[PDB]
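Engineer: Have a look at this one before I ask anything.
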Amino acid sequence: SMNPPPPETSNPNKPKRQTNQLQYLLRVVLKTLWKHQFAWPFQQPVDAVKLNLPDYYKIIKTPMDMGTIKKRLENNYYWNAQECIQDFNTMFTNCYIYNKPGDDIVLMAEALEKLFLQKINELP
Ligand SMILES: CCOc1cc(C2CCN(C)CC2)ccc1Nc1ncc2c(n1)N(Cc1cc(C)cs1)[C@H](CC)C(=O)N2C
C-alpha cells in the first residue's frame with residue numbers, strides 16, 4: 001500500500017532529562033550499531049513501496065528503525081532508557097516477524113541484536 005508516516009521522533013511538550021543511560025544509548029549503542037556492516041537495512045523506515053512489499057505494513061503494525069531511534073535520542077524523546085531498548089527490540093522483532101528463520105536479513109538483525117545486547121550489558 002502507501003507507507004505510513006514514520007514514527008514520531010520529537011515532541012517539544014514531553015519533559016526532558018539527560019541520563020548516563022540515554023547518553024550511552026546514543027553515544028555508544030546507536031553509534032556502534034549504525035557503523036556495523038549490517039546496519040544499512042535498519043538505518044531508515046522500511047519503504048515498502050520501493051521494496052514492492054504491499055503486505056509489510058499489513059504484518060508490521062509497530063514499525064521501528066535506527067534512524068527513528070537516533071532522532072528520538074537526539075530530540076530527548078525518551079524519558080526512560082527502557083523506552084529506547086524497547087524500540088531497538090521492536091526493530092529486531094519486526095525483522096523476525098516479517099521474515100523467516102535463517103533468512104539473510106534475519107541473520108543480519110540477529111548479529112546486530114547480539115551486538116546490541118553486548119553494548120546494553122555495559123549500560124551505566
Ligand atoms: C532495494 C533497496 O533497498 C534498500 C535500500 C536502502 C538504502 C540504503 C542507503 N540509504 C542512503 C538509502 C536507502 C536501505 C534499505 C533497503 N532495503 C531494505 N530495508 C529494510 C529491510 C529490507 N530491505 N528488507 C529486505 C531485505 C534486505 C536484505 C539484505 C535481504 S531481504 C526486509 C523486508 C522489509 C527487512 O526486514 N528490512 C528491515
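Quick note on naming: the chains in the C-alpha cells go A, B, ... in the order shown, residues restart at 1 in each chain, and ligands are numbered from 1 in order of appearance.
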Which residues form the shell of 7 Å around ligand 1 when you count only C-alpha atoms and all ligand atoms, given as a list in words?

Structural biologist: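 Residues lying within 7 Å of ligand 1: residues 40, 41, 42, 44, 46, 48, 50, 51, 56, 95, 98, 99, 104 and 105 of chain A.
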
Engineer: So, counting only C-alpha atoms, which residue among A:61, A:91, A:16, A:117 is closest to residue A:43?

Structural biologist: A:91

Engineer: Could you pull out the helix (DSSP H, G or I) residues of chain A from DSSP and send them as a ChimeraX atom specification?

Structural biologist: /A:20-34,40-42,48-51,56-59,66-74,81-98,104-120

Engineer: Quick one: of A:112, A:64, A:120, A:106, who's nearest to residue A:37, counting only C-alpha atoms?

Structural biologist: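 The shortest atom-to-atom distance to residue A:37 comes from A:112.
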
Engineer: Between A:123, A:45, A:3, A:62, single out the one closest to residue A:86, counting only C-alpha atoms.

Structural biologist: A:62

Engineer: What does the distance between atom CA of residue A:77 and atom CA of residue A:21 come to in Å, to one decimal place?

Structural biologist: 13.7 Å

Engineer: For atom CA of residue A:69 and atom CA of residue A:53, determine how far apart the two atoms are, in Å to one decimal place.

Structural biologist: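 Interatomic distance here is 23.0 Å.
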
Engineer: Identify which of the residues A:110, A:25, A:80, A:32 lies closest to residue A:93, counting only C-alpha atoms when measuring atom-to-atom distances.

Structural biologist: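 Comparing A:110, A:25, A:80, A:32 against residue A:93, the winner is A:110.
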
Engineer: Name the closest residue to residue A:12 among the candidates A:107, A:89, A:72, A:36; distances are taken between atoms, counting only C-alpha atoms.

Structural biologist: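 Going through A:107, A:89, A:72, A:36 one by one, the smallest distance to residue A:12 is for A:72.
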
Engineer: Work out how far atom CA of residue A:58 is from atom CA of residue A:1, in Å to one decimal.

Structural biologist: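 Atom CA of residue A:58 lies 8.8 Å from atom CA of residue A:1.
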
Engineer: When you count only C-alpha atoms, which of these residues is closest to residue A:116: A:22, A:59, A:49, A:85?

Structural biologist: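 So, comparing all the options, the nearest one is A:85.
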
Engineer: For residue A:115, please output as a VMD selection string all residues within 12 Å (counting only C-alpha atoms; exclusion window: fewer than 2 positions along the same chain).

Structural biologist: chain A and resid 28 to 39 88 92 108 to 113 117 to 122

Engineer: Go ahead and dump the residues you just picked, C-alpha atoms, as an mmCIF file, in the first residue's frame.

Structural biologist:
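Saved as part.cif:
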data_model
loop_
_atom_site.group_PDB
_atom_site.id
_atom_site.type_symbol
_atom_site.label_atom_id
_atom_site.label_comp_id
_atom_site.auth_asym_id
_atom_site.auth_seq_id
_atom_site.Cartn_x
_atom_site.Cartn_y
_atom_site.Cartn_z
ATOM 1 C CA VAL A 28 27.763 4.089 22.311
ATOM 2 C CA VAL A 29 24.848 1.770 21.376
ATOM 3 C CA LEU A 30 23.265 3.679 18.391
ATOM 4 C CA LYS A 31 26.736 4.783 17.143
ATOM 5 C CA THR A 32 28.232 1.223 17.294
ATOM 6 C CA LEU A 33 25.148 -0.420 15.629
ATOM 7 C CA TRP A 34 24.960 2.380 12.993
ATOM 8 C CA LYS A 35 28.526 1.759 11.727
ATOM 9 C CA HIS A 36 28.064 -2.066 11.631
ATOM 10 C CA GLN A 37 28.323 -3.705 8.102
ATOM 11 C CA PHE A 38 24.701 -4.982 8.597
ATOM 12 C CA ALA A 39 23.132 -1.660 9.776
ATOM 13 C CA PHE A 88 15.626 -1.496 19.444
ATOM 14 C CA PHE A 92 14.768 -6.617 15.625
ATOM 15 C CA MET A 108 21.784 -9.629 9.929
ATOM 16 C CA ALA A 109 19.256 -8.499 12.624
ATOM 17 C CA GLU A 110 20.366 -11.388 14.908
ATOM 18 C CA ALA A 111 24.065 -10.203 14.664
ATOM 19 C CA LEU A 112 23.008 -6.523 15.291
ATOM 20 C CA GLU A 113 20.871 -7.776 18.258
ATOM 21 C CA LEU A 117 22.935 -6.894 23.950
ATOM 22 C CA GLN A 118 26.794 -6.734 24.359
ATOM 23 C CA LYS A 119 26.579 -2.861 24.475
ATOM 24 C CA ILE A 120 23.401 -2.917 26.739
ATOM 25 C CA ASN A 121 25.320 -5.323 29.076
ATOM 26 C CA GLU A 122 27.577 -2.272 29.908
#
